[PDB]
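The structure appears below as C-alpha cells.
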Amino acid sequence: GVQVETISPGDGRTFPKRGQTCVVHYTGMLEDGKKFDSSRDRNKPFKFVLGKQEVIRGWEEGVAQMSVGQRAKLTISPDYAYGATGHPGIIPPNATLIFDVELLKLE
Ligand SMILES: CO[C@H]1C[C@@H]2CC[C@@H](C)[C@@](O)(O2)C(=O)C(=O)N2CCCC[C@H]2C(=O)O[C@H]([C@H](C)C[C@@H]2CC[C@@H](O)[C@H](OC)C2)CC(=O)[C@H](C)/C=C(\C)[C@@H](O)[C@@H](OC)C(=O)[C@H](C)C[C@H](C)/C=C/C=C/C=C/1C
C-alpha cells in the first residue's frame with residue numbers, strides 16, 4: 001500500500017477532495033536507490049486532479065490524507081506504483097518508490 005510519514009505538519013484541516021487540483025513539490029527515488037525526478041530542481045510545482053487516475057495509486061491515496069502545508073515521505077509498494085512492468089526506461093519491475101511530497105495548495 002502507501003505509508004505516509006510526516007516531515008512537516010499541514011494545517012490539519014484542509015484536505016483535498018476528488019476533483020480538486022493539488023499543487024505540490026516532489027522528489028522521487030527508488031527505495032535505497034537513485035533519485036529519478038524532482039520538481040524542485042525545475043522550481044515548477046507539479047499539478048494533478050485527484051480522483052481521475054492521472055497518477056499512480058499510491059499518490060491518489062497518499063496525497064488524499066495530507067492537509068495543505070504538510071510535507072511527507074510516502075513509501076509506495078510496487079502494486080501501488082508501476083508493478084511488474086515498471087515504467088519503460090526509468091523504473092524497473094517490482095520497484096518500491098519513496099517520494100518526498102509537499103502539498104502547497106488546492107485549486
Ligand atoms: C515530464 O515529466 C512527466 C512526469 C514524469 C514521468 C516519468 C515518472 C517516472 C516521473 O518522473 O514523472 C515521476 O516522478 C512519477 O513517477 N510521477 C510523477 C508525479 C506523480 C506520480 C508519478 C506518476 O503517476 O506519473 C505519471 C505516470 C508516469 C503515468 C500514469 C500513471 C497512472 C495511470 O492511471 C495513467 O494512465 C492514464 C498513466 C505521469 C503523470 O503524473 C502525468 C501528469 C500524467 C499522464 C501522462 C497521464 O495521466 C495522461 O493520460 C494519458 C494525462 O491524463 C495527463 C494529465 C495529460 C497531459 C496532456 C499530459 C501531461 C504529462 C505530464 C508529465 C510529466 C510532468
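For the C-alpha cells, the naming scheme is as follows: chains receive sequential letters (A, B, ...) according to their order of presentation, residues are indexed from 1 within each chain, and ligands are indexed from 1 in presentation order.
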
> Near residue 92 (chain A), counting only C-alpha atoms, which residues have an atom at most 12 Å away, once you skip same-chain residues fewer than 4 positions from it, shown as a list in words?
Replying inline: residues 30, 31, 33, 34, 36, 78, 81, 82, 83, 84, 85, 86, 87, 88, 96 and 97 of chain A

> DSSP on the backbone: what in region 17-93 of chain A comes out alpha helix (DSSP H), as a PyMOL selection string?
Replying inline: chain A and resi 57-63

>> For residue 59 (chain A), find every residue with an atom within 9 Å (counting only C-alpha atoms), except residues of its own chain fewer than 3 positions away, and show them as a PyMOL selection string.
In response: chain A and resi 2+50+55-56+62-64+74+76+80-81

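When CA of residue 90 (chain A) is paired with CA of residue 20 (chain A), their separation reads 28.6 Å.
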
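Of the listed residues A:41, A:102, A:54, A:79, the one whose atoms come nearest to ligand 1 is A:54, with distances taken using only C-alpha atoms and all ligand atoms.
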
Env of residue 9 (chain A): 9 Å cut, atoms = only C-alpha atoms, seq-sep filter 6 positions within chain, self excluded. Answer as an mmCIF file with N, CA and C atoms, in the first residue's frame.
```
data_model
loop_
_atom_site.group_PDB
_atom_site.id
_atom_site.type_symbol
_atom_site.label_atom_id
_atom_site.label_comp_id
_atom_site.auth_asym_id
_atom_site.auth_seq_id
_atom_site.Cartn_x
_atom_site.Cartn_y
_atom_site.Cartn_z
ATOM 1 N N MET A 66 -3.341 14.085 3.153
ATOM 2 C CA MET A 66 -2.427 15.143 3.553
ATOM 3 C C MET A 66 -3.220 16.446 3.654
ATOM 4 N N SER A 67 -2.876 17.373 4.577
ATOM 5 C CA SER A 67 -3.542 18.687 4.607
ATOM 6 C C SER A 67 -2.621 19.779 4.020
ATOM 7 N N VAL A 68 -3.163 20.938 3.628
ATOM 8 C CA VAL A 68 -2.360 21.966 2.951
ATOM 9 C C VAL A 68 -1.246 22.403 3.881
ATOM 10 N N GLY A 69 -0.050 22.466 3.325
ATOM 11 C CA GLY A 69 1.148 22.813 4.065
ATOM 12 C C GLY A 69 1.942 21.598 4.539
ATOM 13 N N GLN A 70 1.356 20.404 4.532
ATOM 14 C CA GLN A 70 2.056 19.246 5.011
ATOM 15 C C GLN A 70 3.125 18.807 4.028
ATOM 16 N N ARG A 71 4.259 18.353 4.572
ATOM 17 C CA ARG A 71 5.319 17.742 3.791
ATOM 18 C C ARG A 71 5.453 16.326 4.359
ATOM 19 N N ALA A 72 5.489 15.296 3.516
ATOM 20 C CA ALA A 72 5.525 13.919 3.959
ATOM 21 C C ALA A 72 6.336 13.001 3.039
#
```

>> I need the strand (DSSP E or B) residues of chain A per DSSP on the backbone, written as an NGL selection string.
In response: :A and (2-8 or 21-30 or 35-38 or 46-49 or 71-76 or 87 or 91 or 97-106)

Would you mind exporting N, CA and C atoms of the selected residues as a compact mmCIF listing (two decimals), in the first residue's frame?
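Contents of result10.txt, as written:
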```txt
# COMPACT_ATOMS: atom_id res chain seq x y z
N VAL A 2 0.52 2.32 0.66
CA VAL A 2 1.32 3.54 0.77
C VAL A 2 1.36 3.91 2.26
N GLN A 3 2.54 4.21 2.77
CA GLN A 3 2.74 4.58 4.15
C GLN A 3 3.03 6.07 4.07
N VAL A 4 2.40 6.89 4.88
CA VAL A 4 2.63 8.33 4.88
C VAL A 4 3.33 8.67 6.20
N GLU A 5 4.56 9.19 6.18
CA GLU A 5 5.24 9.65 7.39
C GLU A 5 5.50 11.14 7.30
N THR A 6 5.04 11.93 8.25
CA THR A 6 5.17 13.38 8.20
C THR A 6 6.58 13.95 8.41
N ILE A 7 7.01 14.84 7.51
CA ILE A 7 8.24 15.57 7.65
C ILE A 7 7.85 16.91 8.31
N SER A 8 6.81 17.61 7.88
CA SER A 8 6.36 18.88 8.49
C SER A 8 4.84 18.86 8.49
N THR A 21 -7.69 20.26 -7.88
CA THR A 21 -6.34 20.23 -8.39
C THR A 21 -5.41 20.41 -7.21
N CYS A 22 -4.46 19.48 -7.07
CA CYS A 22 -3.48 19.51 -5.99
C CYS A 22 -2.22 20.09 -6.59
N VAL A 23 -1.62 21.07 -5.89
CA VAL A 23 -0.37 21.71 -6.31
C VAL A 23 0.73 21.29 -5.33
N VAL A 24 1.76 20.61 -5.85
CA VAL A 24 2.78 20.00 -5.00
C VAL A 24 4.22 20.20 -5.47
N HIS A 25 5.20 20.02 -4.59
CA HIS A 25 6.58 19.85 -4.99
C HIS A 25 6.91 18.42 -4.56
N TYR A 26 7.74 17.71 -5.32
CA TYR A 26 8.11 16.33 -5.01
C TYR A 26 9.52 16.02 -5.45
N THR A 27 10.10 15.02 -4.79
CA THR A 27 11.34 14.39 -5.22
C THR A 27 11.01 12.89 -5.13
N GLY A 28 11.38 12.13 -6.15
CA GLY A 28 11.15 10.70 -6.16
C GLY A 28 12.46 9.95 -6.21
N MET A 29 12.53 8.82 -5.50
CA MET A 29 13.70 7.95 -5.55
C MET A 29 13.28 6.49 -5.40
N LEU A 30 14.14 5.59 -5.86
CA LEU A 30 13.94 4.16 -5.67
C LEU A 30 14.37 3.94 -4.24
N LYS A 35 17.81 8.74 -7.11
CA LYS A 35 16.78 9.74 -7.26
C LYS A 35 16.55 9.81 -8.77
N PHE A 36 15.31 9.76 -9.21
CA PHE A 36 14.98 9.77 -10.62
C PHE A 36 14.25 11.05 -11.06
N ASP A 37 13.62 11.81 -10.15
CA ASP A 37 12.99 13.06 -10.57
C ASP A 37 12.74 14.03 -9.42
N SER A 38 12.68 15.33 -9.66
CA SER A 38 12.35 16.30 -8.61
C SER A 38 11.76 17.53 -9.24
N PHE A 46 4.19 20.77 -9.47
CA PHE A 46 3.50 19.79 -10.26
C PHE A 46 2.04 19.87 -9.89
N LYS A 47 1.12 19.74 -10.85
CA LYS A 47 -0.29 19.80 -10.55
C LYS A 47 -1.00 18.56 -11.11
N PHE A 48 -2.00 17.99 -10.41
CA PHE A 48 -2.76 16.86 -10.96
C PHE A 48 -4.14 16.94 -10.33
N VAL A 49 -5.18 16.39 -10.92
CA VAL A 49 -6.54 16.43 -10.38
C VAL A 49 -6.73 15.11 -9.62
N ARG A 71 4.26 18.35 4.57
CA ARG A 71 5.32 17.74 3.79
C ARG A 71 5.45 16.33 4.36
N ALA A 72 5.49 15.30 3.52
CA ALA A 72 5.53 13.92 3.96
C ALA A 72 6.34 13.00 3.04
N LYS A 73 6.87 11.94 3.64
CA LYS A 73 7.58 10.86 2.98
C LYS A 73 6.52 9.80 2.70
N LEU A 74 6.34 9.44 1.42
CA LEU A 74 5.40 8.43 1.02
C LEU A 74 6.21 7.23 0.57
N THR A 75 6.04 6.06 1.18
CA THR A 75 6.72 4.85 0.70
C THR A 75 5.64 4.02 0.01
N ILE A 76 5.84 3.68 -1.26
CA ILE A 76 4.78 3.10 -2.05
C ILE A 76 5.21 1.73 -2.56
N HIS A 87 8.27 1.30 -15.28
CA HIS A 87 7.97 2.40 -16.19
C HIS A 87 9.13 2.37 -17.18
N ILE A 91 11.94 3.12 -14.45
CA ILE A 91 11.69 2.36 -13.23
C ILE A 91 11.60 0.86 -13.53
N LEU A 97 8.88 2.63 -4.33
CA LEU A 97 9.24 4.04 -4.55
C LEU A 97 9.09 4.87 -3.27
N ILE A 98 9.96 5.86 -3.12
CA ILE A 98 9.90 6.79 -2.00
C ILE A 98 9.76 8.18 -2.62
N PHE A 99 8.75 8.96 -2.17
CA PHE A 99 8.53 10.33 -2.64
C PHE A 99 8.47 11.23 -1.42
N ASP A 100 9.09 12.40 -1.58
CA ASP A 100 9.03 13.49 -0.60
C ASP A 100 8.00 14.43 -1.23
N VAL A 101 6.83 14.65 -0.65
CA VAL A 101 5.77 15.42 -1.31
C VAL A 101 5.35 16.55 -0.39
N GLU A 102 5.23 17.75 -0.93
CA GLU A 102 4.78 18.89 -0.16
C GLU A 102 3.50 19.44 -0.82
N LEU A 103 2.37 19.49 -0.10
CA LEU A 103 1.13 19.97 -0.69
C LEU A 103 1.08 21.47 -0.43
N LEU A 104 1.31 22.19 -1.51
CA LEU A 104 1.40 23.65 -1.46
C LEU A 104 0.04 24.34 -1.39
N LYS A 105 -0.93 23.90 -2.18
CA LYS A 105 -2.25 24.49 -2.19
C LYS A 105 -3.21 23.72 -3.08
N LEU A 106 -4.49 24.03 -2.97
CA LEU A 106 -5.51 23.41 -3.76
C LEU A 106 -6.07 24.45 -4.72
```

> With only C-alpha atoms and all ligand atoms as the basis for distance, which of A:12, A:43, A:60, A:19 is at the shortest distance from ligand 1?
Replying inline: A:60

> So, counting only C-alpha atoms and all ligand atoms, which residue among A:11, A:61, A:32, A:107 is closest to ligand 1?
Replying inline: A:61

> Taking into account only C-alpha atoms and all ligand atoms, which residue in the set A:39, A:14, A:53, A:65 is nearest to ligand 1?
Replying inline: A:53

>> Considering only C-alpha atoms and all ligand atoms, can you say which of A:10, A:77, A:57, A:95 comes closest to ligand 1?
In response: A:57

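Taking atom 64 (C, counted along the ligand's line) of ligand 1 and CA of residue 18 (chain A) as the two end points, the separation is 20.2 Å.
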
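Pairwise distance (atom 18 (C, counted along the ligand's line) of ligand 1, CA of residue 89 (chain A)) equals 14.5 Å.
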